[PDB]
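Protein chains in written order, with the authors' numbering: chain A, 147 to 194; chain E, 340 to 484. Yeah, the Cβ is synthetic: ideal placement off N, Cα and C, and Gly gets one too. Worksheet: the structure to be examined is printed underneath.
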Amino acid sequence: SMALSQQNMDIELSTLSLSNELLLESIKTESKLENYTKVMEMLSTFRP
Amino acid sequence: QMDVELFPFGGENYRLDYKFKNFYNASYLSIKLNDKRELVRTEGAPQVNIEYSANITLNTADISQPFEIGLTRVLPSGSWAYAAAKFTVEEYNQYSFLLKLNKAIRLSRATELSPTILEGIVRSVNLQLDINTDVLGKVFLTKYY
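Structural data, given as structure tokens:
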């Protein structure tokens, strides 16, 4: 789904920011939450 | 999170190109004009990074003010995701455009300012896009500050 644009090739960004939003997207679809804030609210009380 | 584009064809016939940067599994897509008139209604969730196209019509009463085209994607749960943009359509003669382009290039080369920054000086003085002695007094205060 990634666009082969000039902005995706030139603009530098953190690898760790790319790794977090890949992990935030996978948790958001399995728990079927609303946004990334509801993911952070769920992790705030998750025990095991 | 999107980009939307508006291309003209003639007097009223325009073309609306849009493309979404994230995927929300929506029921439909309602594109409206200033929350009043619905331009585009498509079914299903639109795909990410796919440029869709639709022909719309805008009359004289919509062009006279900077209007807003809103793109909302309504989820099956009832909630939506709103994304909009504000357009401004100006209309010039070929003689009138090349004379106003003559002012914009000669002022940008002399004052070393960007044409968008020169547009903010003109628009703060008067509604129409024209340069007078009141605009040039603020180009001095811009370069002095």
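With 16 or more other Cβ atoms inside 10 Å of its own Cβ, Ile460 (chain E) counts as buried. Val387 (chain E) has a beta carbon lying within less than 7 Å of a beta carbon in chain A.
Closest by C-alpha distance to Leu345 (chain E), out of E:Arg380, E:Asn373, E:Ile389 and E:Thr396, is E:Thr396. Interface criterion not met: the Cβ of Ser165 (chain A) is under 7 Å from no Cβ in chain E. In the three-state scheme derived from DSSP, where H, G and I count as helix and E and B as strand, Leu414 (chain E) is classed as coil.
Of the candidates E:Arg376, E:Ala384 and E:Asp374, E:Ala384 places its Cα closest to the Cα of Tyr367 (chain E). Within chain E, the residues placing a beta-carbon under 9 Å from that of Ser147 (chain A) are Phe362, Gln386, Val387 and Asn388, ordered along the chain.
DSSP places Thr396 (chain E) outside any alpha helix (DSSP H); the residue lies instead in the beta strand (DSSP E), whose first and last residues are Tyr391 to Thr396. Distance from the Cα of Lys371 (chain E) is smallest, within the candidate group E:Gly476, E:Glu407 and E:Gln386, for E:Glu407. In the DSSP assignment, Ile370 (chain E) falls within the beta strand (DSSP E) that extends over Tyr367 to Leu372. Contact between the stretch 404-422 of chain E and the stretch 445-454 of chain E is not established, with fewer than three Cβ pairs separated by less than 8 Å. With a threshold of 16 other beta carbon atoms within 10 Å, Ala365 (chain E) meets it and is buried.
For the pair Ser151 (chain A) and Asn388 (chain E), the Cα-to-Cα distance works out to about 10 Å. Under the three-state reduction of DSSP, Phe362 (chain E) is assigned to coil, being neither helix nor strand. Taking 7 Å as the cut-off, the Cβ atoms of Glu382 (chain E) and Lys358 (chain E) do not count as close. Judged by DSSP secondary structure, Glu382 (chain E) falls within the beta strand (DSSP E) whose first and last residues are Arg376 to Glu382.
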